[PDB]
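Before any questions on binding or motion, here is one chain by itself as structure tokens, the form deposited in one PDB entry.
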């Protein structure tokens, strides 16, 4: 139930989520690779743009993020929109809805240009303000899947370029889509948004850090590299969710 899941997630903690993010999560590995082949500001802008087109993919998320990172390493990027106009039509893992996705990037381009290194620092210290600002730039609801996901991925990119860690805010929920709906139905009859926010509050682990724990473990990523005590807690969570 909710109490048991919250207890195990609380034992894992932000510390354990941070371990998974930085050591196991393949999307973080892809971002780390790209961060070594392009300037810090362009890197963060590209990560947000990529997140906003990361819906209805033609591939797994891990394949898509690696395709993104390998494509942009060493490239000279000026317009984010023009870069994506060339990138998406040749991609393997993001072939659906390309004109629509390019239009999202053209629309967010101005906001992305405000992401100087200092503004990135400011937003990493106040990710709820970034959450609302991305939504306003697109003219959409901030609860939408790709807006929430862009904040999560911004948090990965910012921590790399700023070499410091700030936890995600408790108020930002897990992104909602057919995938978390299905996982929640495996576990409980409670509605997903209510369920996971309750889990986050009870455990003390913000929802976006819970998001980091869930998907690698559910996808079968190995936990063997976790130190023995954390490994035991991750094994216990696997018993609950998989």
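Throughout, rigid core stands for the largest set of C-alpha atoms superposing within 1.5 Å between the two forms. Positions refer to the first chain, counted from 1.
J.: Tell me which stretch, 216 to 224 or 15 to 23, has the higher mean Cα B-factor listed in the entry.
T.: The deposited B-factors put 216 to 224 ahead on the C-alpha mean.
J.: Per the record, averaged over C-alpha atoms, which has the higher B-factor: 134 to 142 or 77 to 85?
T.: Going by the record's values, the stretch with the higher mean is 77 to 85.
J.: Would you mind finding, among 211, 67, 41, 176, the residue with the largest C-alpha temperature factor in the entry?
T.: Reading the PDB entry, the winner on C-alpha B-factor is 176.
J.: Which one, 60, 29, 45, 36, has the peak C-alpha temperature factor per the PDB entry?
T.: Most elevated C-alpha B-factor of the set, per the entry: 60.
J.: Of the three thirds of its chain by CA temperature factor, lowest, middle or highest, which one includes residue 162?
T.: For residue 162, whose C-alpha B-factor we compare with every modelled residue in the chain, the answer is the lowest third.
J.: Please place residue 104 in the lowest, middle or highest third of its chain by C-alpha B factor as given in the entry.
T.: Within its chain, residue 104 is a middle-third residue by C-alpha B-factor, going by the deposited values.
J.: Would you mind ranking residue 150 by its C-alpha B-factor against the rest of the chain and naming the third, lowest, middle or highest?
T.: Lowest third - that is where residue 150 ends up once the chain's C-alpha B-factors are sorted.
J.: Using the temperature factors of the C-alpha atoms in this entry, rank residue 98 within its chain: lowest, middle or highest third.
T.: CA B-factor rank for residue 98: highest third.
J.: Place residue 184 in the lowest, middle or highest third of its chain's C-alpha B-factors, as listed in the PDB entry.
T.: Highest third - that is where residue 184 ends up once the chain's C-alpha B-factors are sorted.
What comes next is about the form deposited in another entry, which is not displayed.
J.: Go through 191, 201, 36, 186 and flag the only one whose CA is off by 2 Å or more between this form and the one not shown, rigid core held fixed.
T.: After core superposition, the single residue displaced by 2 Å or more is 191.
J.: After superposing the rigid core, is the C-alpha displacement of residue 177 2 Å or more between this form and the one not shown?
T.: Passes the 2 Å threshold, so yes.
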